[PDB]
Every structure is written in C-alpha cells, then in structure tokens.
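Here's a structure for you.
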Amino acid sequence: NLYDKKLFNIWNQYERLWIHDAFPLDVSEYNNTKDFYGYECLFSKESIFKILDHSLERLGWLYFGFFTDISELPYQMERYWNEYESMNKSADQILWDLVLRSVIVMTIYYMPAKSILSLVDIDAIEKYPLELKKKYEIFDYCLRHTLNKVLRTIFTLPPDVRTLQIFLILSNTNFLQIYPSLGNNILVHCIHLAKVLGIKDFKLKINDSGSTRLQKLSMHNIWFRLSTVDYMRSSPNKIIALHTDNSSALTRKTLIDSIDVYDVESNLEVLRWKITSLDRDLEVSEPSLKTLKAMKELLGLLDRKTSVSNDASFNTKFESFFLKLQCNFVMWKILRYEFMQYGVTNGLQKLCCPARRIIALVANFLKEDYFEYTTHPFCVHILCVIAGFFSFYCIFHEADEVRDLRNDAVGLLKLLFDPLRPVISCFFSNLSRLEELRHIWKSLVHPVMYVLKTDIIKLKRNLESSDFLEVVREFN
Amino acid sequence: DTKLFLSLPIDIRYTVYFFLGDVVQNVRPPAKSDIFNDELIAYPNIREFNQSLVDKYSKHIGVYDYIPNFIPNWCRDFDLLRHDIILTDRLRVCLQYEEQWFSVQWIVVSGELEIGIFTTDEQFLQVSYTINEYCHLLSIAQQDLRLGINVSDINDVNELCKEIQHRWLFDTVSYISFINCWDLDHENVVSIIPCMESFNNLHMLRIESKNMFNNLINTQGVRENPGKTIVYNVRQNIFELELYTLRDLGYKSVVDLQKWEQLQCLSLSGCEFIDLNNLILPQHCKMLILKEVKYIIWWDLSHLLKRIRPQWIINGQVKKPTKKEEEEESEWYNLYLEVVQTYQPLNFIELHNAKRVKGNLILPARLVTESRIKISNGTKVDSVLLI
Amino acid sequence: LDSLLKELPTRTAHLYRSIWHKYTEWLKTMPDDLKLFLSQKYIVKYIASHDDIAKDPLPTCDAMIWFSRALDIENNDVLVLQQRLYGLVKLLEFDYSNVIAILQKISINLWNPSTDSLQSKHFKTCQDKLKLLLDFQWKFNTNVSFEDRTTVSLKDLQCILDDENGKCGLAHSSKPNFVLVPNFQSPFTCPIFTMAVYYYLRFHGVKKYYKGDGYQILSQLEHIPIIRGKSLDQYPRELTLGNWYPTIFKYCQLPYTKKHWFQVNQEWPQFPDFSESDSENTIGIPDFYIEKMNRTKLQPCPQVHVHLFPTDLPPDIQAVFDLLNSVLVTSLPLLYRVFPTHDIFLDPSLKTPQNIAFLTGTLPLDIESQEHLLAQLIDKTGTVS
Amino acid sequence: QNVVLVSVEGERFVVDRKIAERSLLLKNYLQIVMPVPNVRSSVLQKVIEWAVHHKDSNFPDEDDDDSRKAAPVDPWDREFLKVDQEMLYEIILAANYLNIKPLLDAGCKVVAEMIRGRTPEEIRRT
Amino acid sequence: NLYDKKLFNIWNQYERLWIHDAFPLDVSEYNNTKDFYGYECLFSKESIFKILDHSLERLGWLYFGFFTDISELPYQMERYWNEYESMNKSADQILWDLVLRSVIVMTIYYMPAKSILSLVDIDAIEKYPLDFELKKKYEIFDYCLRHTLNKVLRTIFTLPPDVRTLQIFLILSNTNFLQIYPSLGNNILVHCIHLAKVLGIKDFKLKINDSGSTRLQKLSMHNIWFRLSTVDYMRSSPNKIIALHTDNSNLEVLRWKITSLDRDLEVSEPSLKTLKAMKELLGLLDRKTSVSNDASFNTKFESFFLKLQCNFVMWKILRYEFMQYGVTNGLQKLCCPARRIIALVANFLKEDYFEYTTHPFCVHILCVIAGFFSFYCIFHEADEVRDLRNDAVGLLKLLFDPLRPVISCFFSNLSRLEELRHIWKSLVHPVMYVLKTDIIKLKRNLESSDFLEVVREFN
C-alpha cells in the first residue's frame, strides 16, 4: 500500500518519460520542389474552394475563434488568384498566402479520404512522389512545402499577428508530435511575438467601438489557445514558458501583469485554459485534498456548462466532444491521484466510469462517420496514458473490469491508427514489453520494480534468479 | 469501537469530526450573554485533581473558577486527553485538510513552552502538548503554526518565545492574532513590533477592535510613531487578513487601505453594521469573506439602474444580440464595464447569514453562474438583476 | 445599559463576573444594597484582606466603576469615586519608599545644631531650622497643598489615642484631610517629634535666650497656625518659605523643585476626601493609608512619667500636648546623645538633677541604629561616630 | 417505473425507478437493471427502507454547514438505526458509494453521539 | 536647477528613444547567389589561412574566450577543404562550416581595405557586383554577411540543440549587424536564449575533481552565458521583452558586473550610499583593470575595452548624481572621464588600430556623449563641453563610413538640434515644451508658440 503509493510515484515519472518519446536539416533540398498549388500543379481553384466550404461547414472552431471576419478569407483568396494569374512583392499578400495554405492543410488533416482522393488531379501524381496512406503522404508533402516557405518568410519579416495564427492553425495536427524540436523553437518565437504586441491588452476598456471589441476578442482567444499549447507542450526540451503569466482558477488560500481569470470574459477558450490550469495545479504545485475537493466540484459544474451546448451542427458536437473529453480526463487524473495516494474507497469504480464515458464517446464518433474528428492528437495522448495506467494496474492486480476496458482501448487504438506511426509504435512495443513483464511478475522490493528503476535510470541518462532477470532485461 | 473506526478511509472520519467540531473536553464555558444569568449548568465531581496543572495553567483557566466542580473536571479531562487515539487521528486528519476547527498556537507556562489547541471563537483552552510529543506523533519540521496575544501572553513571555525561537530553536510560526489587549498598550505592541524580523514564514493577521483597527490600521490616521506601527516590509508580507468584532465600520469613516499592499484575501466576521461605498482597497485582493452581521449597504448603482431599459430584460438577465445596434451594444458594454468597475478589485464574495442587504443588487452573470458570489440564505433582498 | 455590558471583551467579562462572585462571598463573610455592596469602605476592606487582588487591581477598579455605572447611579457619583479610585491605584501600584533618602538626608542636617557651611541669613536659631523641617516632614508625610497647609488651625487638630487597638496620632477631618503618626523607629524623620521640640521652643521658649510665646494665648487667639511667621496668629508667607527651601536643598546638595512642596504632587500618594476611630480606620480613613503614607507601623502611645509640657490646659488641646509630651520625652535622650549642643538643652528646666538624670539614663534605642542616618550630614559635629 | 439491482452476492432486488433517482450516482449512471458491487442484502433492504421513509422530505444542501450541524437527529431514523456496528459501517460505506448524503450525515451523527456519550473507562482500558 | 534635474530626466528618456532606433522577404532571391569560399569562386584558401593567422594574432579574445581548443579551427578548416576537394550530410560539419565563415566575416570587419583588396580575385570581381576605398570593402562585406545569413536562417530551426549556434551569434554580434538588421538579430537572439536556458549553462558552478577539459567547458559556458547577458541588456529595446539579465543579481564576470551597475543605474532605486559604494567598487575594479599589463595586441584591445566600459559607466553614474542630487564641480569631474576615453581612442588611432575603433559599442558611447554634451551646451554654457562636443562630432562625421544611416540620421537630427539652440537663444519654456512634444512624437511612433510650431513644421 505504501509500496503502491511509491510505485505510483514511479508511474508518474514513467508517464513523463513515456511522453518524452525524415526532416532534411537543410531547406535547400526543397529549394526546387514543385508545389501543389498552381492552376496545373495539383489542386485546381475549384477543389480548393470546395475545401474551404467543407472547412467552414465542419471546423469553423479554430479560425472562427481567431479572426474578426471570415468572408475576408474567400475575398483575399480570389484576389490572390487574380494577382497570380496576372503575374503568370509585399508583406500582406505573402502572409495571406501562408494563412490560406495552413488553413487548407488543417482541412486536409480533417478530411475523409474518398473526397480528397476524388478531388486531386492525376498526371501530377506522375510528376510527384506518391486507402489513407496516399492521403497522408500527400498531406506530408504539402506540409513540408508550407514549412519551407513559412520558415523563410517567418524570419525575414516584421512582427505581425498573423504568423501566430499559422502556428495555432497547424498545431492541431500530427505536426508537433512529429516535428517536436522544430515546433518548440517556433513556439518560442511565437511567444516572443505574443509578448511583443501587448496582446495581454484584451482588458476590455470603456467606450471602445465594436471593431476594438472584436480586436480584443481575437487577442483573447489567441492568448488562451497559446497558453493551452504552451502548457501542453512543455517537456524539458523547453524551459521558456507562458503558462505562468495566467493564474489558477482555484481561488486558493495559500499564496499585476500576471493575469487572473473570472475577471475578463466567458468564451470557452477560457474554459479550456481553466481545465488545463487545474491539470497544472495537480501536476507541479502543492497537491492537497481540500484542493481536490474544490477542483472536483468546480469541474462537475463545468461539465454541466459543457453539456449545456446543444446539438445543432457538426462543429458544436466537435467542441462539446473535446470539452467533455478533457473534463473526464482531468477527473480521471484527480481520482487517480486520490486512489493512488490516500486510498479512499470506491474511487476506482468511480474512476473506471469516466473511461467508459470516453469510450462511449469515441464509439459514437466512429459510428457516426466522424473518425476524422477523432484524429486530434490530444485524444491520442489521452488513450495513450489511459492504456498505460490500465496495463500497469492490470499486471500488478487483477480486475476483469480493468482487463475489458484496457482491451477495448488497445484493440481500438491498434486497429484504427496509422497517422502517428512512430509514437504509437514505440508505445506498442514498450507495452508488449510490459506484458512480458506481466508474465515475469506472475510466474517487497521486487526485481520487477527494480528493473523499472533501471529503466527510469536509463531514461534519465538518455536525457543529456537475478541472472535470468537481467537476461530478460537484455531480451527487452 | 476504535480499530474498527480506524480501518476506514478519511472522508468518513472527516465528516464525523466536522460534526464533532471541537468539544473534546467534557465541559464548556458559556458565551458572554449567558453570564449574567445566574443559572449554572451542573458539574458535581470529585478528585484525581493534581495540583501540578490547576496551579500552572490557571492564567487561562482560573479566570473562571466560579461554578460547580469544574477544575477537577478540567484536570482529569486534560489527563485522559493525552491518549485518545481518537484525537490523534482527529488532528492528523483535520491538519490534512484544514484546521479551521482547532486553533493551534504556541504557549509558555512556568517558562516551559508547549503547544495549545483551542476553540476559534475566543480560544478557550482545551489541551496542549509538547513539541517532541507532537512531532513524535507526527513529522518534525518547521510546521507552520499560529500565535495570538492575550493578557496571558503579552511581553516577556512573548519575548521569551522570541528569544527561544532565536536561541534554542527557529521561528516556526506564521499567523498573528489580536484577540484582547485592545488598548494598543500595556506592552503587547511594545513587545511585538520590534519582534517581526525573525518572523518571515507568515502572511496572516487577525484583528478585534475598532479602536485598535482605527488607531493601527486605517491609514488616514497618519502619525510618526515608528515603534507604535508596522515597518511596511511586513505590510508587504501579509497576503491574508482577518478581522472581527466591531459595531460601525464605515459610517462616515475613513475606510482606505492603500498602504496595506500585497494583500490577497480579506475576512470579516461578527459585526453589526457595514457599508461598502466608503470602502477602498488595494489591488491584488479579490477573495472577500464576510460572516454573520447586520444589514449591509451595497454599492449605490442608482444612476446605473437609471440607465436601463426593459428593451432586453428577461428573467433577471439581459443581452443585446443585435450587432446592428452598436448604440445599444456599446451601451450594454458600457453598462457592464461600469458594473465591474464598481467591484473592480473583487472576484469572490462570501456571505454567511447577515439577515439583510439594502443596496439594489445588480451583478454580472459570469460569476453567479459560478459560485463566486456565494450568499447564504440572507434572503431579505429583492432588487436583484444580472448581466 | 446591557449594550454597555456587551461593549467589552470576553475573557475580561468572565473575569469580571468571577470577581463579582468572589466579592459577594467575601461580603457574605460579614452581615452586610448595591452601594453598600460596592462600598468604598467594604471594597478597601476586601482589598486589605485580598492583597492578591492589589497585585492586579486594574480590572478590579475598572469593574467596580463599570458596576457603579451599570445600574441607576448618578454619573457624577461614579466619576468622583473614580477620582478617588485613581488616587487609590496611584497609592498602591507603588510599594517601595523611594521618596525617602531625600527625607533622611534633609531631616538630619536640619536637626544638626551646628551648621558651619551655612552662611545664609535665615536659620540662625534651631527654631528656624525646626520650623522649616516641620513644614517639609509634614508635606512629605501628608502630601498637602501649601495654601491648605496654612488653612489648618491647630485647634482643629484631634488627638487620636486608642490603646484598645494600639494607635496614636494627630488627625484633621476638616478641609484638608490627613493623619500623622509618630515614628519611634526614626525620631529625627518623625514630624511629630519635630513638632514637639519646635513647640517646646515656640511656647515654653528658652529661659534667658528666647521668649516662649506663653501657653496662655491658646485661648485668646482664634486661629493657632501649625507654624508661626512674624505674626503670632498667621502661617509664614509663601515666598518666605520659598526662600528657606532652596537654601537648605542647596546645602544638602539635592535638586529642588518648588511645585513638589508647594502644591500637591501627583506621582505621589494622597488621602481621599470625606464630606475618634475604630479597629480598621481612624478618622474617615482605612489604616493602611495611614501606615503607608506615614511609612511606620501603628503603635500605642508610650506612657511617660515626666512632663515637659503643661498638665493644666483647656481639654481640647490637652490631649494633643500629652501626645507631644510622650513623643518628645520618649525620644529626647537620643537627641541628647547626638546633638547635646541643641538649643533645647539650654533651658534651666532641662538642667535639673532629674531631667539630667533621665537624659543620661537608658537609651530609647541603641546608637548603632542611627549610624547610617548620621552619615548623611555635611558637617560632622564634635561627636563623630 | 422500476429497476433491478444486483447485490454483489447476486440478489436481484427491485426499486421504483424515480424513487431510486433520489440517488445521484444512479441519476448519472442512467444518464432495466444495475449492479451494486460490495453490498449485501439486508444492507440494501434497510437502505431502501430509509430511502422510502425519506422521499418527499426536504434537505438543505451539501455546502450549508450551519444547516448541517443544525442537528435534528430524526427520531424514526434514531430508532431505525439501533443496530450493531459492522452492518452500520457497511451502510455508511454504501452511502459514500452512492452520493446519498443525508443518510451518511445521520450515520455520522449517531456515531458522534456514541463517541460523545462516553466513559473514561473506555480510555482506562487504554 | 530643479528644472535642470527634471529636464535631465527628460534628456534621459529622449536618449532612451534615440537608442531604441534592404534585406529581402522570401529567402529565395539568394537561393543561388554566389559563394566566396570555393576553390575557383573568390578568395583562394591560402589567403583565407592568412586571414585566420591575422585573426589569431590580434583578436584571440572573443573566440579564445569561448572555445576549448583552437588548433581545432585550422584543423576543421583543412578538413573541410579536403572534404570540399573530395566532394569536388550531417550537423557537425555544417556547424563548423558556418563557424569558420562567421570567424572570417568578423576578420573582414576588422581588416584594412587595401589588404583584402589585394587578396580578392579579379575575374571574380567581374563575376560579382561592383561598387568601384572603404565603400567597396563594406559592400563586399555586406554581400558576404547576407550570404551567411541566408545560409544560417534555413539551417537554424532544423537542427538538434547544440552550443555552437550561440558561438555563431556571438562571433557576429561584434559588427554593424545588430544595428542595421535589428529585428532579425533580436529573433535569433531569442532562439539563442532558449538554447542557453536549455543546456543548463548556469552550471558553470565549478565543482571538485573535474578534469581540465571540464574546467574549460565550464569556463566556456560561463563566458558565454555572461556575454549573453551583456548583449541582452545592451540590446533590450521594447521590440524584445523576453530576457535573461534578470537571472543575475574571470573578467567576463567583471564586464557583467559593470553591466549590472548600469542596469541598477537605469531601472532601480536611486540612493546615495548606493552610488558611493558603486563608485568605490568601480575604482577597485579599475585597480583590478590596470593590473593587466601591456604585452600583446589582444591585451591592449581588451584593456582598452575594459577601461572604456569603466569610464563610460562612471560617466553615467556621475551624470545620474549631478542630475538628481546636484553636487558641485560634477560637470568638470564628468568631463574628465570623457577626456580619458578620448585619450584611449587617440591611442588607438595613433597606433594604426583605427579598425579597432569600429566596434559599435564605441559609437553608441560617442553618440550618447555628444547627445548629452549638445544638450547642456545649448541649455548652459561651458567652453570645455562645447570643445569636446565639437571634437566628437567632427571625429564621428570625418571617420565613420560603416554605420552610415544611423550616424547620418543622428547627425542630421543633431544638426536640427543646433537650430533649437538658436530657438532657445532667440520659466516653463517653449523649448522644454517642444521637447515634451518630441518625446511624445517618438513614443507614439513606437507602436511665441506660433513661431515655435512654424519652425517645427519647417523641420
């Protein structure tokens, strides 16, 4: 039981090192790489307009949250097409080019295969390097081209807000979990741009026109999405941060430009940041128990406010899905902390219930032919950690409930996911390793926990019949 | 039984002890109003009454000594309440969440230090324990703790604690209380004001009297008494605050505390009148806690109530949907912003039952949709509206 | 009312009720109805028994005030009572004889018949020295205003002789209110002994040297002043004494503040005011006041068989003069052994074979007692010890 | 409407649906049969006996500590719970499992009365 | 005189906004733009080795301070030449390539014109654009710089985190670079700061039983981190807000100390015992400074720069004093530091080390000095200050091609300020009112009053 608490601390560190689990190093390889974007290159004008139509239909969420007006986008699009045709420069035009390109790439990542495969041209396949694999390879080619263009035009540029939007528009992809160091560096640059422009002046003032209100609103949405990612993507590879400049929503007892919450606005970006701050206060800062009681009450209240959102269109289902997903995930983390540290009773069953809710949700979103919405990386992080802990306590203890839930999670995740092949493959191999560890422990400073001590030591140094036990260690 | 009770989880024991707040002794003194009534309850009891404790601890006990047999009761109570495993888990658990129940501070009697655990209302004593006993029961550390000044603990005893946590030990204490000694005098302030330098674990204060408050705190009464008031470096290091027990806070008063900076939470209880329009504050302090008092005078909000139309009003809540009516939309935001700017450095307002508020409540919806505005059923108001 | 009772802290109020209980019980000790309960007499009797409460009498007196205004009492009554009570806390909160070596240091030097270092005009005789000294010892013991000092007619004075309780002294129940008591432990610093010698000199006089005033004028005169100026019937003038004083403080080398001796001194204890004795009080006054302010235990009047003062007089003054006689005659052999050169001894009366007999007889107390006192004078006499 | 409930022994008790929607764990689990792990038969019988005695009753809140410590020990409950300690503790744990607070509050009230109406000899054994 | 104190603070802010004062958009115009480094391209490897010899002779200071071993550099050079020859990849090789390129560029910035003009090829001048002196030298220097920058912008993001990027930036900071391409430089500075905090380079806390290699590693880390804080204070306009100079509180330490005194001067609590302690401490550090003895070019260079920093900061401190608390004789006691500075730059002209004068820090210094001197020359009269200011401005115009826009802009606005003397020459004065308007114009450009506005409109 004290052993349980200790190995649960070990599992904390082991999940950190779980999650701490090609690109050419030279832009000039893409110096002359063709396009997808010319009239004859890959993607006709009309295909692109269709893509934007689908995007505004299904996935308004992101860029709706950012910009002021969005007929702006087709307007600028057609203007750029006219200018391109006339040319057979400036800053505005190139920025808007990058913006539309990134918008598109997001839409590609969240499209069904058959549609895009019907849209794409043909002989350009002969021109280019070559189911879902075709979709993802063409997506990757488009991504790398956009990345070349945008790296160049990022450095060589004045500071303008729209660069930030690019990153945020692209963070909702495999990108940051496929090109991590790159992403972290550019995130640092975007953080600098954030603090540059004084976007902390979403402090809404008196007698401001509607335009000014909308500007501050855009700033506000931007800031909070940025703080979300900056906490969510904060491995020791990064030490510079912005998630400190906000403040916890907890109303603590034990305690300027540091922004507080509940004093500003109500747009659900705020809600996401609140939830992330609760996770943050769980992880890094003082873990208490009255703290958890208040957090749990507050999170039930916010789950009410989440389900207040009523079904009227795809994007609404998407948002409510992601919010309820986050809420149950954080409840699961809290109740994990409880049942791991202080052994309150029935918390295990009241913890298993959230997992069942999550899995009912993703089942609903497969069965409704919304599998593309499932592909958000946060969902995959979630299933990763869940399967991790469930395998852990399934091998250390027996409960057919746990076996069933874990088997559902892993059968789902294996049978459904190509996209994030490196991460999932590393996780799957080390998971099968832990299953062989089940065979070991099934066949008290145990040698198995000693092997896991060795494993964390291997990782910590990777930062910068004991004979047979070492034998199986070498075997795996 | 005992071990059956101790084979159980913590929430159970927590709620149980919450129902058993602090009654560990087999007796209780009264409030003040019940004094002049000559009715004494009953305490006919007998010996096992050592003259080692009744003589020692009388500075907090011998005040009363005027009833049926109480001190032998008290004496055997203190004796038997050194072995209640009940109590040890009571304290392990109450400490675990929050000791709003037991008020627990330092004491010295006979020149011998101990740690006493009292009521909260005025801290009638219950028992005490030695530091080594305490942290053999628990883990030893610089476990933050409380302290207050009485006529029992004033100056040399107080300076004895000072020089002991200098010489023998280190200053493991945070929070300071002014429960009596309302005169700003008879050596309490003289002792303590030179003594807040080794005193750097704290953020927290508790105050009693309008005399002591007005003549120490309310910074309009400006003087040049250096040892009579604080050094301002501690005025930085006071993120929390508490105060009780007065009649007329703000009736034509000088209510303003801009010097009292780096404050982050206020607590007020047990009073008889208050108005918030006189109230002025620093920034950084939004947590406001307010307990059972008489009728409150909210902010004015009268002109702003005159600004309003029933164009939009529904169910006590309002909004403009019409983007076309920037006239009405800008007006809406002007209204909302005036509203919050009245409450500007505040985000959390707690009321226990104060029986009345008089001042035309119109509030935001962002906060009452949540539990920021946390009123008990002091439901003697009707002029409610939300934004 | 009840709100005023609510106005206070809580520990203090519990204490107050406990003390109400205690005082009610200590009053049940006696047969005996709220001012009689909260009576200055009964309260001071309680405190005389409860010296423990004299260690923390601050809330004691404040609670007594709080009750004296709790019920229907005239507010003027409780505040004049409060003036008396502040006098009491001033009296009791100080328990040592600090205003004292100034007494000693002076009294002695003013007794000393030969003062060489004194070139100052006044103080030629021993009667001038004694006149001043009596005024000083008197203020010092009674703490009274000068003006009031001149208001008192000695026909007003009342001898206290109670041998049932063993008390003796000189009392005044009139405008200034006070009681003087003989110090037999320290005759020199005793104001009554002083007054006895001075009065022998004043009245009997010294044959062939200084005319006595005669004991006859104690009738024909309406006001007999405790110390006479130029005129028989009047106290000396204020500025006069005001000159005499620094003159002596100088020679004694002690700092002088006129306000101390010519006006009431507040850092100092005082008698109460009241608008023939018994066990625990004398004129109006509890005895501890008197023993404290005169700083001597109360003792019965010693019976002497020698009469320096007249045994034939008006009944009114007689008792007084008999008291004076006993103090004088009790302590004179001592004065003779220290200052045999004193004017008093120059009378042929004191020269008789007997009076010489008793001056040279047993000593009232051993010499080795008054050493330290003697060490305090700046002219050593022909007799050095 | 009604619902079946499996005592983990395996006993298929039955309740009226909404009278069980009194509870909150149910009110979420549904939003007909349910399992009930680590609970026994007479346990749930007495549980539902209280639940049916208290259906139209009013209860203050789960935050009003003043109303909570305002402590009217219900007399029906008071006699209804005159039993031994282990079944009692099982009732208490079950109330914790089910988020049905007033019964739990009453149980803790009674246990507090037990350890308040005490004897020193309970300690002199220690 | 209180008016003097206030207007001196105003001049402080106006100098702040002074110091808070083409390269293309899509890095594709320079996609295929010629090298200088190839065998047939521009410079002849052996000439380059000669350049390196000249660099190591005179200017070890910078890169001697950074790296561990420096035969490493010719070693890597010859290795790349062999590899270049064999080729007719990896990360290490590309970093070292860029390293040597930047080293060379620093050497170019600190070379004489005629020499390099003798080195460069001829038909390669025909290949490339001309400007045909120093202007030619600076145009070819600019081309080399922009080429290097093209190369490094691409290759910065796409890499693991390695120390040597920092070295690049530091080798390149000692140039016109940051005051001609500021925003670019600031962004790369932010990235380098991130790399700094990544690697835990605050672990130069030297520990027990570490090898000499480890001592040298920690020394390099120490020098680098502190040079970074140096630049991060000196180059901290509101365009950048992220910083590392907050994390503070071998003579690298000494330079950082001097920067911390300047910081405490600018931003924090001005007291008087504070200044007394600072000035004594800086005299102590001047003692520690003069302990260095003249024995070689780099040593003269270093001691020059250190004495320059010390007198500059003393000048700032004593200015702060005489503005805020008005002690007497301070004008002359302030002029003396300037004279010391000017004797130093005189030494470095007379010794034919004018190329060393071209460090941008010296020009920032002379800028602020001439600024304050013009201020108190027009508002008050002292022929000493006037003479020194005339020396400074004649010097700066007659001597400095490199920073042509800034000095010229400064000179032009400075010449504008001489007409303001005539105004003040022709009391909440309209001139101080004009300076209120001027600071407001600049701060908002960030994101007979009739005749006064008339002359304002004329200029």
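Points worth noting:
We just call them A, B, C, D and E in the order they show up, numbering each chain from 1.
Going forward, a contact is a pair of C-beta atoms (placed from the backbone, for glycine too) under 8 Å apart; a residue touches a chain by one contact, two chains touch by 3 or more.
Steps from chain C to chain E, minimised over paths through touching chains, total 3.
Centrality by Cα centroid goes to chain B. Across B-C and B-D, the chain pair carrying more C-beta contacts is B-D. If you average the Cα atoms of chain A and of chain C, the two centres end up 98 Å apart. Chain E has its Cα centroid 77 Å from the Cα centroid of chain D.
The distance from the centre of chain A to the centre of chain D, with each centre set as the mean of the Cα atoms, comes to 43 Å. Chain D has residues 93, 96 in contact with two or more other chains. Residue positions 9, 11 of chain B are each in touch with at least two other chains. Every pair of chains that touch is listed here: A-B, A-D, A-E, B-C, B-D. Of all residues in chain D, those touching chain A in their complex are 29, 37, 93, 96-97. The touching residues of chain B, counted against chain A in their complex, run 9-11, 96-98, 203, 239-240, 264-265, 283-284, 286-287, 323, 326, 329-330, 333-334, 337-338, 340-341, 347-348, 366-367, 369-372. Listing the residues of chain D that touch chain B in their complex gives 64-66, 68-69, 71, 85-86, 89, 92-93, 96, 104-105, 108-109, 111-112, 115-116, 120, 123, 126.
The touching residues of chain B, when paired with chain D in their complex, are 1, 4-5, 8-9, 11-12, 15-16, 18-21, 23, 76, 80, 83-86, 352-353, 376.
The residues of chain A lying in touch with chain B in their complex are 204-210, 213, 251, 253, 255-256, 260, 262-263, 265-266, 288-290, 298, 301, 305, 342-345.
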